[PDB]
Amino acid sequence: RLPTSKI
Amino acid sequence: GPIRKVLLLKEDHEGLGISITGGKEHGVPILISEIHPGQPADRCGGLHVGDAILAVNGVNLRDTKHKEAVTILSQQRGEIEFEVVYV
Ligand SMILES: *C(=O)c1ccc(CN2CCCCC2)cc1
């Protein structure tokens with residue numbers, strides 16, 4: 001459920 | 001687990017090819033949550049879901065907030081050395 005970022 | 005140094009090579013039109021969660025505000029490390037198909041992390045190998053990223057190109061990612069880590073990771077170019085560990 002954590003905020004996720006894509007890099 | 002053992003801390004590993006993992007080199008990723010990429011060009012400027014590519015991303016790293018990873019999703020990450022975590023950061024200082026969440027009390028948890030910067031963790032790889034996905035390795036995306038066909039992108040540098042998938043091709044070069046050595047990075048895995050569940051790895052914590054301690055540093056990239058000598059930039060310490062410890063105590064960074066989520067967005068600060070994302071910014072640093074997104075800025076690295078060309079030859080990108082990850083310091084990673086599974087715990
Ligand atoms: C993931 O969905 C994704 C990967 C790559 C890009 C293209 N972008 C180009 C400019 C530098 C970083 C990568 C977008 C989304």
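Chain letters run A, B, ... following the sequence lines, proteins first, then strands; residues in each count from 1. Atoms considered below: every heavy atom in the structure, side chains included; atoms not considered: hydrogens, waters and symmetry mates.
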| field | Verdict with reasoning, B:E83 to B:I3, per side-chain contact (heavy atoms from CB on, under 4.5 Å) | value | CA-CA 7 Å; B:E83 187 178 341; B:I3 299 174; 3.4 Å; yes

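- The CD1 atom of A:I7 sits 8.0 Å away from atom OG of B:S19, with the distance rounded to the nearest 0.5 Å.
- Proximity of B:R62 to B:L54: side-chain heavy atoms (C-beta onward) are separated by under 4.5 Å at one or more points.
- Closest of all the heavy-atom pairs between B:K10 and B:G15 is CD-O, 3.6 Å.
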N/O donor-acceptor pairs under 3.5 Å from side chains in residues 43-53 of chain B, not counting sequence neighbours:
residue	atom	partner	partner atom	Å
B:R43	NH1	B:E14	OE2	3.2
B:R43	NH1	B:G38	O	2.9
B:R43	NH2	B:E14	OE2	3.0
B:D51	OD1	B:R4	NH1	2.9
B:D51	OD1	B:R4	NH2	3.4
B:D51	OD2	B:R4	NH2	2.7
B:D51	OD2	B:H48	N	2.8

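- By the 6.0 Å contact criterion, NZ on B:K24 is open, its count of non-hydrogen atoms from other residues, nucleotides or ligands being 12 or less.
- Using a distance-only test at 3.5 Å, with no hydrogens or angles considered, a donor-acceptor pair links the side chain of B:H66 to the main chain of B:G22.
- Between B:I20 and A:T4, the closest side-chain pair of non-hydrogen atoms is not below 4.5 Å.
- The hydrophobic clustering, which links ILVMFWY residues whose side-chain heavy atoms are closer than 4.5 Å, places B:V59 and B:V6 together.
- Heavy-atom minimum distance, B:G1 versus B:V85: O-CG2, 3.1 Å.
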*Mind running side-chain contact (heavy atoms from CB on, under 4.5 Å) on B:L16 and B:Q39 for me, showing each step along the way?*
CA-CA 7 Å; B:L16 296 169; B:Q39 295 193 54; over 6 Å; no

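- Pairs of residues two or more places apart, or lying in two chains, that qualify as salt bridge (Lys or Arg N to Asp or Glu O under 4.0 Å) and include a residue from residues 65-80 of chain B are B:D12-B:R77.
- Members clustered with B:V28: A:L2, by chain and number, using a 4.5 Å side-chain heavy-atom cutoff among hydrophobic residues.
- For the pair B:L73/B:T71, no side-chain contact is recorded, criterion being any heavy-atom separation below 4.5 Å from C-beta on.
- Side chains of B:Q76 and B:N57: a donor on one and an acceptor on the other come within 3.5 Å.
- Here the side chains of B:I32 and B:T21 are not in contact, with every heavy-atom distance at 4.5 Å or above.
- Residues B:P40 and B:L8 come closest through the heavy atom pair CB-CD2, 3.6 Å.
- Hydrophobic clustering of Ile, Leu, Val, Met, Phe, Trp and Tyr side chains at less than 4.5 Å, counting indirect connections, keeps B:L31 apart from B:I80.
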